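Protein chains in written order, with the authors' numbering: chain A, 157 to 260; chain E, 25 to 357; chain D, 240 to 347.
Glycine included, every Cβ here is placed at the ideal spot set by N, Cα and C.
These notes are about the structure you will find just below.
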Ligand SMILES: *[C@@H]1O[C@H](CO)[C@@H](O[C@@H]2O[C@H](CO)[C@@H](O[C@@H]3O[C@H](CO[C@H]4O[C@H](CO[C@H]5O[C@H](CO)[C@@H](O)[C@H](O)[C@@H]5O[C@H]5O[C@H](CO)[C@@H](O)[C@H](O)[C@@H]5O)[C@@H](O)[C@H](O[C@H]5O[C@H](CO)[C@@H](O)[C@H](O)[C@@H]5O)[C@@H]4O)[C@@H](O)[C@H](O[C@H]4O[C@H](CO)[C@@H](O)[C@H](O)[C@@H]4O[C@H]4O[C@H](CO)[C@@H](O)[C@H](O)[C@@H]4O[C@H]4O[C@H](CO)[C@@H](O)[C@H](O)[C@@H]4O)[C@@H]3O)[C@H](O)[C@H]2NC(C)=O)[C@H](O)[C@H]1NC(C)=O
Ligand SMILES: *[C@@H]1O[C@H](CO)[C@@H](O[C@@H]2O[C@H](CO)[C@@H](O[C@@H]3O[C@H](CO)[C@@H](O)[C@H](O)[C@@H]3O)[C@H](O)[C@H]2NC(C)=O)[C@H](O)[C@H]1NC(C)=O
Ligand SMILES: *[C@@H]1O[C@H](CO)[C@@H](O[C@@H]2O[C@H](CO)[C@@H](O)[C@H](O)[C@H]2NC(C)=O)[C@H](O)[C@H]1NC(C)=O
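As structure tokens, this is what we get:
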């Protein structure tokens, strides 16, 4: 914050072992694909300051979403299709099915 | 009187930045605890609250006096003037001492330099619960602490024989779980700074089956038998059996959305969502079976006649079998 | 609302079916909504017993209707008889249960 780039210099110690403990991180929803260590400089109206960046690339898991919100849609659309086998004489059954599937 | 003189002589030429025996040998610290209450174990955040009375005793040859009084008993007014080990809990999301009305601390300096330092803590410790076998799951998840800046060569912790002593275990907020025991452990870990002596206390929790047994299992099995009730309604009334099926499916998906909303978002299959999935399958199979029944009545009536009565026997037997298998397996597993 | 399904005639199967299913699922959602207010406790409260008994009642009503429909067109005498008997048997039993529950839980 206070010291510009002619007063302080940031660097990672080891340049690849500076950040540890990533492979042990378990997230309930995501999964750490990899992580990057970047060294650069930013320029503001008051000076040029050093900067490091530790960047994670999380990828979201899909099992919960399939089992939770994709399957119900497919089953409701199939429950809508079943109405094609019902004869056209029953107007309270095919209407029932279709309307209910819409609501759902 | 003269205790003021003793306290003034102990702090004359005293540097509270240097551990006792800074360049001789590591400082042996004996740690004891007193678990007041183990707070609610919420699985959504993989955390649990605990409230303890952490006591640390070590030897300090600089706080060694020679007078008639054997022990000096002091409040928290002299804790910030002597050396105090920097014990921190390595798996605590958020923890804090107590300050009402006066900082909850105690300092007792014996005659030969032995210091006892006790404080009250409320730690939101972390433990990643493996939410399989839910709700027939058992956990044993720890509370780890160690020095922060002093490696194994400087500060060595060591449990006492009777170190950890739980309270009454009855007025605790362990609702869904049940305390069965604990065990202490000492190891040495490697860090970017050095080798540290890490102590651990493992608390064993066993999930009692009651809240989930009455919140999801009974509702879903009674919904299943409600779906079976359609097998006795006459096959000509179509909109009635179709309403049975579709409303049963709606309630089934709502109940699954709730049981799953109980525990956090996990990408694997637990033992409860498996149950609600089997029940969903049962309802969907009763519906599609009556579907093919009504459709086949137009094609072949005797098929449907033998099919209603076939299903009336085939469904409850398959459900009893499923239940038996599931329950027995998990109770043995 | 579940007990009303008895005074309906035996020819209207769609209606009585809707009555039964809707009431059973209203009792289910009521049990769920009633259990959310309390801590996640591992025993049964008094409200849990009241809701369990009402749930049992709706599942005895639905069952009586199912039996009536099963005996209809084969022994309509028996069906009508049981329907008429249940039109008096359910309300008195519910009243007795409410007198017992309220008496034994308000005296303490
Ligand atoms: C970024 O900014 C943040 C905001 O500024 C900043 O957070 C602040 O950090 C500082 C330093 O870490 C904190 O100040 C310290 O707080 C310690 C305890 O903190 C707890 O209590 C405060 C409230 O403090 C009141 O209560 C205590 C206990 O009674 C009193 O001791 C305080 O003086 C104070 O009392 C006044 O106010 C009361 C009302 O609350 C009145 O009732 C009372 O009458 C007084 O008027 C809480 O706010 C804290 O919560 C926060 O911190 C926790 C930490 O875990 C967080 O979890 C939480 O979320 C909050 O963020 C916490 O609960 C004090 O003990 C400490 O004072 C001692 O240390 C200093 C420095 O060494 C000494 O100079 C001082 O004298 C004290 O030492 C004496 O007393 C101790 C008692 O234990 C003795 O052991 C010791 O030997 C010594 O005794 C000697 O001197 C005495 C006279 O002083 C004498 O009587 C004796 O006889 C003997 O000679 C210090 O005040 C501050 O609270 C934080 N504020 C906040 C909002 O968080 C953060 O650090 C910054 N970050 C960075 C990176 O910089
Ligand atoms: C996530 O997003 C950040 C933000 O852009 C990405 O940081 C970028 O990373 C790339 C490669 O790691 C950098 O490119 C490099 O540029 C230097 C310039 O001298 C060059 O020498 C290198 O050969 C390379 O081309 C880029 O500068 C950097 N951007 C910033 C703003 O720092 C990051 O890569 C993304 N991925 C992950 C996993 O975080
Ligand atoms: C707590 O820690 C102490 C010390 O590490 C354990 O006490 C030891 O117990 C074993 C087996 O009972 C004895 O052979 C040792 O002599 C004991 N040592 C001391 C210093 O008492 C104690 O078992 C631990 N508590 C547990 C595991 O519940």
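Status (buried if at least 16 other CB within 10 Å, exposed otherwise) for residue 156/E:
exposed
Residue 222/E: first and last residue of the uninterrupted alpha helix (DSSP H) it sits in:
Premise fails: residue 222/E lies in the beta strand (DSSP E), 219-230, not in any alpha helix (DSSP H).
Ligand 2 heavy atom lying under 7 Å from the CB of residue 287/D
For ligand 2, not one heavy atom lies less than 7 Å from the Cβ of residue 287/D.
Chain A beta carbons: is any one of them nearer than 8 Å to that of residue 268/E?
no
When the cut-off is 8 Å and only beta carbons count, does residue 241/D lie next to chain E?
no
CB contact flag (residue 149/E, residue 287/E, <8 Å):
no
Residues of the segment 199-224 of chain A with a CB closer than 7 Å to any CB of chain E: list them in chain order, please.
217, 219, 220 and 224
Nearest to residue 74/E by CA position, among 25/E, 198/E, 88/E and 125/E, is which residue?
The residue with the shortest Cα to Cα distance from residue 74/E is 198/E.
If distances are taken between C-alpha atoms only, which option among 87/E, 248/E, 57/E and 27/E comes closest to residue 342/E?
248/E
Residue 42/E versus 57/E, 160/E, 63/E and 173/E, residue with shortest Cα-Cα distance:
173/E
Quick check: is any heavy atom of ligand 4 less than 7 Å from the C-beta of residue 209/A?
For the structure depicted, ligand 4 is absent and the ligand set comprises only ligand 1, ligand 2 and ligand 3.
One or two residues paired with residue 193/A in a DSSP bridge:
210/A
Around ligand 3, which residues pass a check of Cβ closer than 5 Å to any of its heavy atoms?
Near ligand 3, meaning a beta-carbon closer than 5 Å to one of its heavy atoms, we find 183/E, 185/E, 207/E and 208/E.
Do the segment 242-260 of chain E and the segment 270-278 of chain E touch if we need at least three Cβ pairs shorter than 8 Å?
yes
Taking the alpha-carbon of residue 255/A as reference, which of 243/A, 244/A, 239/A and 245/A has the nearest alpha-carbon?
239/A
Option nearest residue 260/A by Cα separation, candidates 242/A, 247/A, 167/A and 234/A
234/A
Using 8 Å as the limit for Cβ to Cβ distance, is residue 176/A near chain E?
yes
Under the criterion of a Cβ to heavy atom distance below 7 Å, does residue 171/A qualify as lining ligand 2?
no
Residue 335/D lies in the alpha helix (DSSP H); which residues open and close that run?
315-345
Taking the continuous beta strand (DSSP E) assigned at residue 257/A, which residues delimit it?
DSSP places residue 257/A outside any beta strand (DSSP E); the residue lies instead in the alpha helix (DSSP H), whose first and last residues are 247-259.
Using the DSSP secondary-structure output, state which residues sit across from residue 169/A in a beta bridge.
According to DSSP, which records beta bridges pairwise, residue 169/A is partnered with nothing at all.
Pairwise C-alpha distance: residue 289/D and residue 267/D:
13 Å
Paired residues, beta bridge with residue 118/E - DSSP:
DSSP links residue 118/E through a beta bridge to 148/E.
If we cut at 8 Å on Cβ distances, does residue 202/E have a partner in chain A?
no
At a threshold of 7 Å, does residue 104/E count as lining ligand 1 (C-beta to nearest heavy atom)?
Because some heavy atom of ligand 1 lies under 7 Å away, the Cβ of residue 104/E counts as near it: yes.
Please state whether DSSP places residue 271/E in a helix, a strand or coil.
For residue 271/E, the three-state secondary structure derived from DSSP is helix.
Taking 7 Å as the line, does the beta carbon of residue 120/E fall inside it for any heavy atom of ligand 1?
yes
Which class does residue 250/D belong to by DSSP, given the choice of helix, strand or coil?
coil
So residue 139/E and residue 87/E are supposed to be a Cβ contact under 8 Å. How far apart are they, rounded?
6 Å
For residue 212/A versus residue 191/A, is the C-beta spacing smaller than 8 Å?
Residue 212/A places its beta carbon less than 8 Å from that of residue 191/A.
Do the segment 177-187 of chain E and the segment 213-225 of chain E make contact, defined as three or more Cβ pairs closer than 8 Å?
Result yes; three or more Cβ-Cβ pairs closer than 8 Å.
Under 8 Å Cβ-Cβ, which residues of chain E neighbour residue 252/D?
257, 258, 261 and 264
Hey, does residue 244/D have any beta-carbon neighbour from chain E nearer than 8 Å?
Output row for residue 244/D: interface = no.
How far does the beta strand (DSSP E) with residue 75/E in it reach, from first residue to last?
71-83
Does any residue of chain A bring its CB to less than 8 Å from the CB of residue 319/E?
yes
Along the chain, where does the alpha helix (DSSP H) containing residue 313/E start, and where does it finish?
296-323
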